[PDB]
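Number of protein chains: 2
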Amino acid sequence: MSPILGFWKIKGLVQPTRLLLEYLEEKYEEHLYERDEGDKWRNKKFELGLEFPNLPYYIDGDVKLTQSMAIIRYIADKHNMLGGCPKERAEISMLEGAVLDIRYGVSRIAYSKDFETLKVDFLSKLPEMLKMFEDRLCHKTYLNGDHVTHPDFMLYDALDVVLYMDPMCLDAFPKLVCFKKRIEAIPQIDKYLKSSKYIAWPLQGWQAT
Amino acid sequence: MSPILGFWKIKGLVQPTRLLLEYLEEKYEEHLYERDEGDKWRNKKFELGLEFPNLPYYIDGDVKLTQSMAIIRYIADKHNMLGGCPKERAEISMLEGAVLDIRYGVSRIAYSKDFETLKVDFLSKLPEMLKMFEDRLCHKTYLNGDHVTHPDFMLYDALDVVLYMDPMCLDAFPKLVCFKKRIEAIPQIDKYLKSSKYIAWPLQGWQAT
Ligand SMILES: CCCCCCCCSC[C@H](NC(=O)CC[C@H](N)C(=O)O)C(=O)NCC(=O)O
């Protein structure tokens with residue numbers, strides 16, 4: 001049976017899980033919901049068989065999941081990409097939590113009203129952050145070496161969002177600015193980004209500042 | 001040698017990790033900073049050997065980690081308590097994300113300003129969230145059934161800090177209210193709480209409204 005991921009019609013926390021699936025050339029079908037359809041959601045929210053009703057959600061035969069990460073860490077984990085050995089396993093978890101610090105650092109205020117004023121406070125911490133990746137991919141093709149892991153999209157995402165809040169901000173980081181290319185290079189992702197699927201704007205909710 | 005886990009002198013994201021440890025009777029020694037000691041932190045912040053400098057951190061021979069989860073998922077992992085199978089691995093990653101949804105619902109508000117302007121707006125959809133557990137802890141002893149996993153503790157604290165703001169809250173949720181006891185009903189855990197190692201408060205931090 002074909003798996004069923006589900007989430008609004010934005011990028012939010014699903015965007016990365018899309019590419020992880022896109023890059024694995026996996027077959028799956030999307031179940032979206034648009035800015036008003038909040039009803040049909042509040043409708044099936046408890047009709048699907050999810051222990052913890054929430055969006056996004058993933059359903060194949062075996063499981064019925066809800067919790068963005070537990071859903072990518074599954075798809076990935078299915079195809080041994082998680083690392084078979086504590087250290088290496090914690091090593092992605094460390095690359096996970098980080099990419100979501102740069103990723104949540106927008107989401108927070110992205111809603112928290114008066115954006116302009118706050119953005120800055122944040123944008124001046126983004127460097128101690130973005131930095132660490134410039135000096136990671138400094139002698140590594142992708143975050144975790146030779147092969148593509150799953151954080152290697154979570155970040156590609158974080159970036160893909162920031163060049164929208166201050167397009168320059170990457171520059172001092174060639175490795176990163178280049179990074180974003182090496183990814184969009186991966187044929188499978190190409191197929192996608194120039195597809196009819198690909199959901200362009202928005203990055204947050206149809207509310208967000 | 002003896003492992004080092006470091007954080008500020010509060011509970012924040014470490015509290016859980018400490019119990020996971022405490023529960024496993026594991027040996028480890030603390031390294032905590034106070035509300036003023038920010039310097040000494042900003043000091044060794046890059047002298048340790050951490051690929052991604054941040055608080056808290058965990059160091060023990062093989063790995064030097066940052067990222068709160070990556071840490072706990074490591075201690076745990078290192079004892080098999082993470083489930084050796086995809087489904088049962090994502091199951092715990094489902095619980096994880098959801099216990100954090102309660103804690104991350106009291107820390108972008110408590111960092112906002114006068115919390116009284118961003119309190120209940122979430123204390124709104126806190127129920128469905130709490131509820132979902134009331135219902136998971138229906139037939140099961142621990143969030144995962146027969147044996148203690150790591151999201152348990154997580155929860156245990158999530159809840160612990162929740163009583164704080166407005167005691168009553170856990171009422172229509174006796175399975176829960178009951179739960180907490182079942183936890184601090186574990187010998188080992190009981191051995192901490194009463195002791196001179198458990199940090200009283202602030203459970204949150206020193207910038208709590
Ligand atoms: C944890 C705070 C983050 C808040 C911002 C979330 C932005 C994405 S839009 C989806 C939103 N819920 C979630 O994303 C669930 C959070 C969960 N942490 C996850 O990672 O999946 C919702 O309105 N779901 C429909 C509903 O159940 O009301």
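One line per chain: the protein sequences are A and B, in this order.
Counting in the deposited numbering, the first sequence runs from 1 upward without gaps.
Counting in the deposited numbering, the second sequence runs from 1 upward without gaps.
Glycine is no exception: its CB is placed at the ideal position from the N, C-alpha and C atoms.
DSSP has residue i in a bridge; who is on the other side?
{"i": "A:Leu-65", "result": "A:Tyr-58"}
{"i": "B:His-31", "result": "B:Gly-6"}
{"i": "A:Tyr-142", "result": "A:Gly-145"}
Output the distance between the C-alpha atoms of residue i and residue j, rounded to the nearest integer angstrom.
{"i": "residue 226 of chain B", "j": "B:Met-129", "result": "Here chain B has residues from 1 to 209 only, and residue 226 of chain B is not among them."}
{"i": "A:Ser-112", "j": "B:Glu-116", "result": "14 Å"}
{"i": "B:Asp-135", "j": "B:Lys-180", "result": "15 Å"}
{"i": "B:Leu-13", "j": "B:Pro-56", "result": "8 Å"}
{"i": "residue 240 of chain A", "j": "A:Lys-194", "result": "The structure shown has nothing for residue 240 of chain A, since chain A only spans 1 to 209."}
{"i": "A:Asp-114", "j": "B:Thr-141", "result": "45 Å"}
{"i": "A:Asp-160", "j": "A:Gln-207", "result": "20 Å"}
{"i": "B:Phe-52", "j": "B:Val-106", "result": "25 Å"}
{"i": "B:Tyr-104", "j": "A:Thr-209", "result": "20 Å"}
{"i": "A:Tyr-164", "j": "A:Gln-15", "result": "16 Å"}
{"i": "A:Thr-17", "j": "B:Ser-196", "result": "44 Å"}
{"i": "B:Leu-95", "j": "B:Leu-137", "result": "12 Å"}
{"i": "B:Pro-167", "j": "B:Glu-88", "result": "34 Å"}
{"i": "B:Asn-43", "j": "A:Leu-19", "result": "39 Å"}
{"i": "B:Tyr-192", "j": "B:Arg-182", "result": "15 Å"}
{"i": "B:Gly-6", "j": "A:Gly-145", "result": "28 Å"}
{"i": "A:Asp-121", "j": "B:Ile-186", "result": "44 Å"}
{"i": "A:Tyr-198", "j": "B:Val-162", "result": "40 Å"}
{"i": "B:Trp-8", "j": "B:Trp-201", "result": "12 Å"}
{"i": "A:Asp-157", "j": "A:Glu-184", "result": "11 Å"}
{"i": "A:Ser-68", "j": "B:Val-177", "result": "28 Å"}
{"i": "A:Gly-84", "j": "B:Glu-47", "result": "29 Å"}
{"i": "B:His-147", "j": "A:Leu-21", "result": "33 Å"}
{"i": "A:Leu-143", "j": "A:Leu-123", "result": "22 Å"}
{"i": "B:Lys-45", "j": "B:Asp-62", "result": "19 Å"}
{"i": "A:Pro-127", "j": "B:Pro-127", "result": "38 Å"}
{"i": "A:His-139", "j": "B:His-139", "result": "51 Å"}
Measure the CB-CB distance between residue i and residue j and report whether it falls below 8 Å.
{"i": "B:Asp-77", "j": "A:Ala-90", "result": "yes"}
{"i": "B:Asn-80", "j": "B:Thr-66", "result": "no"}
{"i": "A:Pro-86", "j": "B:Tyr-58", "result": "no"}
{"i": "A:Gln-188", "j": "A:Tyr-28", "result": "no"}
{"i": "B:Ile-71", "j": "B:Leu-82", "result": "no"}
{"i": "A:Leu-50", "j": "A:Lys-64", "result": "yes"}
{"i": "A:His-31", "j": "A:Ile-4", "result": "yes"}
{"i": "B:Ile-109", "j": "B:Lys-125", "result": "no"}
{"i": "A:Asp-60", "j": "A:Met-132", "result": "no"}
Between which two residues does the alpha helix (DSSP H) harbouring residue i extend?
{"i": "B:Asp-121", "result": "120–123"}
{"i": "B:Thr-17", "result": "14–23"}
{"i": "B:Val-106", "result": "Per DSSP, B:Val-106 belongs to no alpha helix (DSSP H) and is neither H nor E."}
{"i": "A:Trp-41", "result": "38–44"}
{"i": "A:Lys-113", "result": "No alpha helix (DSSP H) holds A:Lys-113; DSSP gives it neither H nor E."}
{"i": "A:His-150", "result": "Premise fails: A:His-150 is in no alpha helix (DSSP H) and is neither H nor E."}
{"i": "A:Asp-190", "result": "187–193"}
{"i": "A:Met-132", "result": "126–134"}
{"i": "B:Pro-174", "result": "174–183"}
Indicate, with yes or no, if ligand 3 has a heavy atom lying under 7 Å from the CB of residue i.
{"i": "B:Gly-97", "result": "Among the ligands present in this structure, namely ligand 1, ligand 3 is not found."}
Answer yes if the region 160–176 of chain B comes into contact with the region 28–40 of chain B, meaning at least three C-beta pairs across the two stretches below 8 Å, and no otherwise. no
Pairing CB atoms from the region 97–110 of chain B with CB atoms from the region 149–164 of chain B, are three or more of them under 8 Å? yes
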